[PDB]
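Two forms of the same protein chain are encoded below as structure tokens; each is given separately, as structure 1 and structure 2.
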Structure 1
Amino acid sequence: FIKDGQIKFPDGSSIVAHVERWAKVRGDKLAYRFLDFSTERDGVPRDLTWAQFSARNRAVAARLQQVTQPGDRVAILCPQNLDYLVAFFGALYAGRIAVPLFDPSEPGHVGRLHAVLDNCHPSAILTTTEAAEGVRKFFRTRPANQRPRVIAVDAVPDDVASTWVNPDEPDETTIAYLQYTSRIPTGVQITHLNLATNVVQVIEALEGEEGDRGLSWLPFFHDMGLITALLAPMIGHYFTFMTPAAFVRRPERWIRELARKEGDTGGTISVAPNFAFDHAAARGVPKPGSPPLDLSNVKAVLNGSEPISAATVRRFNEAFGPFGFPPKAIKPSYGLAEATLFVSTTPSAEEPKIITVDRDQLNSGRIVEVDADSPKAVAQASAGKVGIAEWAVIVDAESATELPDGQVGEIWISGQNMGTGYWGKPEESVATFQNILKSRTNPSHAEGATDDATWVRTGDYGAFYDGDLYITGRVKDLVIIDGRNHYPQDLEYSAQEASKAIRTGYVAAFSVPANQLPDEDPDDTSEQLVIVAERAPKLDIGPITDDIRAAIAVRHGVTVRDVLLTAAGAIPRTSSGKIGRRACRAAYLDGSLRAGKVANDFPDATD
């Protein structure tokens, strides 16, 4: 669609009308393929053509229109499979607000599911026949008046579709679905306009052509897995997916989906968080004597949702370069739920941009390049260029003032893809989404946005440098000790490089007040460094601790006051698998981390 400063639609912005059209001209073509690895090690493909997809969406939608009213929320408590997509699109087809969640009988934070439900109060629950009893059982733990009707989407017959009524065309405020992140849970209001805008933004950035195909193992309950699933079939080829557990168990599965197949006229496109690249590199290489592996066909594998490590990038290429994997296929990318999904990515024709900058300058808020062999060198991966019809600026948050390039400040963003608020929360909505950019530089990274445009504060620090956006970390994760700043991922890299006994990527650095440290001055409240590190899957703690302490002291000039070593799987991670530093700190302070009793729901390599 055309651009006039912003993205214009009419013919419509409804994904419903667009899928229905796309469906009538490619009826027999495949739309989705689910690789089910639950009973068979090599997988069993479950296919869905466009005509079947449409038929099911219309049937589920008609059923929803009989038992829910316009404006009601419809929660999806379903495992990762074809039915999850049918349930989600069914909600959109019905003109009801979907709430993509997960199957309560699978791993999950049960207290958060209760909190989410306490905020969105759905009028219906969409699940499958297999998951239904488990869903009901969960609702028997909720109050008697909060047990909405449970619909098994695979049991709604196709003929129920005859009564389906295409909902009223959406305006710019009409909410399509709520995206819960990540306690207290905030549901981002994603409008049909938001969704269609980000879809167009992503398609422009990916430069997908006839024959390219998309694939993913990412969970549908997270923005990166959901949005990818909704838009991948739109590039012209069916979308293939598997579960996260399936990937974690045998990462080679992802690698072989990416690889060239007979019949491929284009390349493959996927997306994953940074830790997944390391898991694939260490455990996803074919064993000698396996069928040939040709990865020279990969077009783009986006690396986003968490900090990109230059070492992870190097390890991925070292493992898969010998199989033809082109290094320019790795595309560091940035985004967040409040922006639907996509904010920036490395241009299609370019290789990842990775620079080595001065540590001290970085810690004091400035990007200054240095030689890679310098002892003060910190490697920073770029997140590329901001997408079309959206803007990102770097600001001094308190004065809402843009900063010149090379200076670090909070990243604020704007665009038609920004969510319209958080469900039921006016104060939080204003604070996060309705910020005003009071002062701009010349040139301004806000050029093209109106002076009264609203800005979302991302909670991230970053900077522009030589035409690329760099994400340095979350504001709330910064380590401030004795008047100096330290990025926790830089301290973590030093800790793991100091000892082979630490699992790569499973380290968390944060500060706690002096008085919260263990017994090994009760009025001292100054922030002190703590390193939590998982042990590689037993060597005594003394030598390891001293290696960590000594390496951090020499290059960062800060003394670790406590090094806590845990078993693999002990550090808290979000539901999409990101190391959660604030959560690790809270577990350190509330007694659960030291007692070795932290609950994690994302599948772990060991268990």
Structure 2
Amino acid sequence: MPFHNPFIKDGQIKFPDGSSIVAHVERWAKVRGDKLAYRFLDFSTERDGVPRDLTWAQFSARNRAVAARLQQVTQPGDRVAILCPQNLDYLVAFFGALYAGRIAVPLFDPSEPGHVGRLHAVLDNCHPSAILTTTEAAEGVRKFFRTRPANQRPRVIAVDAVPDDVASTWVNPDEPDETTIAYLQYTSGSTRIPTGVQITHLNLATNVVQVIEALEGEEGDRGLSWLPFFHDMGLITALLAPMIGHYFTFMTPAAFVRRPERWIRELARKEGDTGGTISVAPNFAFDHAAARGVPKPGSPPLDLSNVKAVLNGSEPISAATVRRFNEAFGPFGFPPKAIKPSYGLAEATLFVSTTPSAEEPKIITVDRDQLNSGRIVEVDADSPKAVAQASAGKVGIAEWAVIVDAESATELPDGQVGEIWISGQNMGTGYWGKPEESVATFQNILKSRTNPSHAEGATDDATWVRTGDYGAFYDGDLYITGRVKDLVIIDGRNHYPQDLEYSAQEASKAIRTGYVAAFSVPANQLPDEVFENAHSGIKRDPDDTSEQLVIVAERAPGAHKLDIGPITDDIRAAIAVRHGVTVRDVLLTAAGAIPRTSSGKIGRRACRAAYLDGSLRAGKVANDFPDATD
């Protein structure tokens, strides 16, 4: 009766023939075709929702029909972009592409607001031969592609109009090998243009097993999500079902935002539950549900003592977020251990590490001076040197993470900060259309290990992925300190931008957390206003290329307008006093000026590029991603 993972034999992941996710769906369709597989909670008409269900047999029939059509109008190796709204047909489209032996590219309905830049970027990278959408979304799709070049408007298919009987000619693709790409997982584009990780069927099945292992997932554990399927975390949670054997329930992000209690109520114990709910949540989901999702006084009873796991990722978990969610939902039986901080990224399919099931989220405070010098040392939370670091827990099975001095490719002792490199069969096989970056990122050799080593279990000729993150192992746990490309290096000293950004928002009322970015630029690329300002502390020199600190922040929409003078003064003094670095320029913009990512987070390299070009200054619309040369 302890947890046994059916896909693991002697600590190893074993896949017989027919272990691709397509084979698993077809298997369920055969042995229990009438069993519920996928449920979409449709809130478009009914406020309380209308469940739309698909059994395994029904799911299979739709997948094979779409796949058969796809095999008539596309070639092996072609990419097929999914531009469906988030509903059952999105999954039919995605699986249909897999069933067809084509490379799925999960995107979104172009009618969705704000995301058009990402859509162009992905289409310019992977060039799909077919677009899958629905009849409802078809017109918006047509209109979107009118904004693409005439030779960039691939054929469009509405998957809900493809008849069942089309499936009769479907050909099951051959058993995939470890090079057979199933789909592209695009990165969030935090430090660059979104890049497409090549996820194989082996990658996918492996990481599903790794997630099942990490969560101790059972067939009675209902899966639940509101996340977009084009997000890293959104997709994999929806793909557990054919292997774990639960049914998966989802809603749109807009539905969650409008009424977060909808998610809370689905998390809760249902009559007939024989397991615990598994879901997924960025910090925002916790924050929003805590503030807008607590049942009103007099509401029906709410029991959250059943929840097994809410996987938290894409970011470090916040201590305040954890406090607020448990204060809000603890009275309803929510188990603090259900919050699972985790480390993940597209390059690993998704999942790398999380807490053991016994444990609660761990957030420590470390010494700023030691941290900036590359070492982790704990200090009291009330110390003026305190910097918060969130544990991402333990590396998963058949997977490895090591902390490394990148230049020499040698493992560092615990407590020391370096590049996180990772290895495992869940690691993607490259970036689409970027062969050189693929070699540099995915094909690294670990030249030297410590004793003991976090690479223990990996072959010595194993290939290692450069995550682009700084981090460390400390007291048994993995911590991510920041992004390599974002590290602010000025006058021979290191500064973490989020640490600088936190000081800036603390210094001024006009500076809001999440609406400020810190980065450096060469001195001679600074705008003229800087050199003409007395308080900047720097004057023009065409040969001065030394890195200088820049802060860019947004004001609230409205409440126009206050003097930038005392705002700049407050920020400059506060950062100098705490960090010993002097900001050379503080630029304030209107709301929505600063380029952001999928998640809705500031992309610092893109903010930097838009500062330097200089869009933000004159109020121009800023490019959502940095140039490929950045």
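Numbers given to residues start at 1 and step along the sequence of structure 1. Here the rigid core means the biggest group of C-alpha atoms that line up within 1.5 Å when the two forms are laid on top of each other.
Looking at 82, 258, 495, 293 after a core superposition between structures 1 and 2, you find that only 495 has a C-alpha shift of 2 Å or more.
Fitting the two forms on the rigid core leaves the C-alpha of residue 526 displaced by at least 2 angstroms between structures 1 and 2. Relative to the superposed rigid core, the position of the CA of residue 350 differs between structures 1 and 2 by 2 Å or more. The two forms, fitted on the rigid core, differ between structures 1 and 2 by less than 2 Å at the CA of residue 160.
On core superposition, residue 369 has its C-alpha offset by 3.0 angstrom between structures 1 and 2. In this core superposition, residue 595 moves its Cα by 8.0 Å between structures 1 and 2. Once the core is aligned between structures 1 and 2, the alpha carbon position of residue 571 differs by 6.2 Å; this is the C-alpha shift at that site.
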